[PDB]
Amino acid sequence: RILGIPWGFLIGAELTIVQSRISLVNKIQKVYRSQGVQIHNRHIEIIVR
Amino acid sequence: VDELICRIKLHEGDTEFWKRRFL
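Residues numbered from 1 in each chain as written, not as in the entry; some residues may be left out. Chains lettered and ligands numbered in written order. Part of a larger assembly, values for the part shown. Heavy atoms only, no water.

## A closer look at the overall build of chain A
Quick note on the threshold: Comment: elements are numbered from the N terminus, with helices defined as DSSP H or I runs of at least four residues and strands as E runs of at least two. The cut-offs for exposure are 20% and 50% of the maximum accessible area for each residue type, with area from a 1.4 Å probe on protein chains only; residues under the lower value are buried, those over the upper are exposed, and the others partly exposed. Residue burial considers only the protein chains on display, and all accessible areas are found by Shrake-Rupley using a 1.4 Å probe.
Broken down by element type, chain A carries two helices and zero strands. In terms of its C-alpha atoms, chain A occupies a principal-axis envelope of roughly 45 × 15 × 10 Å. The proportion of buried residues among the 49 residues of chain A is 10%. Summing over all exposed atoms, chain A offers an accessible surface of approximately 4,400 Å²; the carbon and sulfur share of this is 62%.

As structure tokens, then:
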């Protein structure tokens, strides 16, 4: 409702995807870090991509 | 009535306008 053609969909998808990736990695790493399991964010970022 | 419709402006393809509204 704010932006026009290939800007409402383009920018809206970027915001949703960036927000989803940040929360998905945090949620996954919250589980392993509470159990003392250390995994590099590289591996989780590959799955979440 | 159609006179009042005539003031509504479409901005399709105007990147500079959408950049201003993005800011």
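Let's pick the thread back up.
## Focus: a nonpolar patch on the surface
To keep things clear, this is the line we draw: Residues qualify for a patch when their relative accessible area is over 30% and they have no salt bridge, like charges being joined within 9 Å and the nonpolar side chains of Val, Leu, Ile, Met, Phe, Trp and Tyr within 5 Å. The salt bridge criterion pairs a side-chain nitrogen of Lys or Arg with a carboxyl oxygen of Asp or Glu, the two atoms within 4 Å.
A contiguous nonpolar surface patch, about 360 Å² in accessible area, is contributed by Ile-28, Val-31, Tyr-32, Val-37 and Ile-39 of chain A. Tracing the chain through its elements places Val-37 of chain A in the loop between helix 1 (8–34) and helix 2 (41–48).

## What about the side chain of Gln-29 of chain A?
Residues and elements named next belong to chain A. Convention followed: Polar contact is the term for a pair of N or O atoms within 3.5 Å; when the atoms are in protein, one must be able to donate a hydrogen and the other to accept it, and sequence-neighboring residues count only if both atoms are side-chain atoms. Any pair of residues with heavy atoms lying within 4.5 Å of one another is described as a contacting pair.
Of note, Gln-29 is situated in helix 1. Exposure remark for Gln-29: the relative accessible area of 2% places this residue in the buried category. Reaching out from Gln-29, the side chain makes a polar contact with the backbone oxygen of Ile-39 at a distance of 3.0 Å. At 2.5 Å, the side chain of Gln-29 and the side chain of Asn-41 are in polar contact. With residues up to four places along the chain from it excluded, the contact list for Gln-29 reads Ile-39, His-40, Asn-41 and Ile-44.

## Remarks on the interface of chain A and chain B
To be explicit about the condition: Summed over both partners, the accessible surface that disappears when two parts come together, traced with a 1.4 Å probe, is what is meant by buried area. Each residue gets one of three labels, nonpolar for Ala, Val, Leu, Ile, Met, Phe, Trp, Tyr, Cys and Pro, charged for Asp, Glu, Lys and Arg, and polar for the others, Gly among them.
Taken together, the contact between chain A and chain B spans six residues of the former and five residues of the latter. Summed over both sides, the interface between chain A and chain B buries roughly 500 Å², with carbon and sulfur atoms accounting for 71% of that surface. When the area that chain A buries against chain B is broken down by residue, the three leading residues are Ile-2, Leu-3 and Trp-7 of chain A, summing to 59%. Put simply, chain A and chain B have zero salt bridges between them. Here the residues of the side of chain A that touches chain B sort into five nonpolar, one polar and no charged.

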